[PDB]
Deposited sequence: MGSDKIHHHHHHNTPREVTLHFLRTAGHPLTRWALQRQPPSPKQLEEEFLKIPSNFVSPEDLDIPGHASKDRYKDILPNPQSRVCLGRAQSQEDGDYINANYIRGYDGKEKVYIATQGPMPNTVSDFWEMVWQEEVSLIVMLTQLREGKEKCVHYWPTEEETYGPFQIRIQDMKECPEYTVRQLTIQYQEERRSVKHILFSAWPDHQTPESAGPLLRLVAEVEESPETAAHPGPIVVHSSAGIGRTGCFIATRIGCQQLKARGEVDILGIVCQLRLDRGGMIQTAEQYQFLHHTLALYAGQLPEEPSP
């Protein structure tokens, strides 16, 4: 055991399976959940761990880097750029199934073409954006039509729900046109949680109700400014709901551990960990029967 091997062993083996009854009626205490959360290693990579010349300019935060083994590599669809780097990682889903999500940071003006290239190359049909309206991060989608490198994007439809905005986009590359659904969930401040879990579960139903629209199933892109806290919470919620529906139990600790192996730092706060328990207890009470 290196520190690194102690980290990997913990994340592969930690678990706290809870029956749905225990989650709803007899949950671990707040102090227990915080203690449990603080035990989980971050699995952050250091700048020294990454040998990708030039990547710094494509990171929003120099301390938040994509783990090498699961990072998304861009192909060569950009005649302007020579590298394959984007701050994004493939994320396992329910039962360990590969590439169910990509977690990424919010695009910067200089990584917007990279983002759409990833969307194209990975045959993404759904993007989940988690934000607090408060703006600074750049709008990487057009009001009606914009070109980003070799990609033309066009808004087809836009509808407002109280919790989120759904945009139906078309992305074009050469003679080829694809559909992409975009959902912007807007009252989630970074480092914090939403006021209640109702809208979040609606967002989750919205995601679950989304048709596959690509030639081949692709990852769901989930992002927020750093791509770890709110991104991690959303994905953990989705997996946790899937465990509850299929099995009537959930292992929240194991879900967060599996997320951290895929991308360092997923779920950043003990408050966010506690809210995850709350949201899943809510989902359990909403289940049919």
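- Comparing the deposited sequence with the modelled residues, the stretches lacking C-alpha coordinates are 1-12, 147-149, 305-308.
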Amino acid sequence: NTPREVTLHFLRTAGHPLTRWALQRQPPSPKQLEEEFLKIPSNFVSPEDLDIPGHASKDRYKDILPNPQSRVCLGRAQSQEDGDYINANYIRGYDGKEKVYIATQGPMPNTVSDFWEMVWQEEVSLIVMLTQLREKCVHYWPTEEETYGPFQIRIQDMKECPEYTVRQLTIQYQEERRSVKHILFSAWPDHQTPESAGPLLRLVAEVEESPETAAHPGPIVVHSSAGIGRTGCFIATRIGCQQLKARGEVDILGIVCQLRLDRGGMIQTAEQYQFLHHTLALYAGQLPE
From here on, numbers count along this sequence of modelled residues.
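- 241-249 and 51-59 differ in mean CA B-factor, and the higher of the two is recorded for 51-59.
- A summary of the deposited B-factors shows that, of 60-68 and 254-262, the stretch with the larger mean C-alpha value is 60-68.
- Ranking 199, 218, 93, 106 by the C-alpha B-factor listed in the PDB entry places 218 at the top.
- In the PDB entry, the Cα temperature factor peaks, among 46, 26, 224, 43, at 46.
- Remark: residue 282 belongs to the lowest third of its chain, ranked by C-alpha B-factor as recorded.
- In the PDB entry, a CA B factor belonging to the lowest third of its chain's modelled residues is recorded for residue 101.
- Among the modelled residues of its chain, residue 89 has a C-alpha B-factor that falls in the lowest third, as given in the PDB entry.
- Ranked against the other modelled residues of its chain, the C-alpha B-factor of residue 230 as given in the entry falls in the lowest third.
- In the deposited entry, the Cα temperature factor of residue 183 sits in the middle third of values across the chain's modelled residues.
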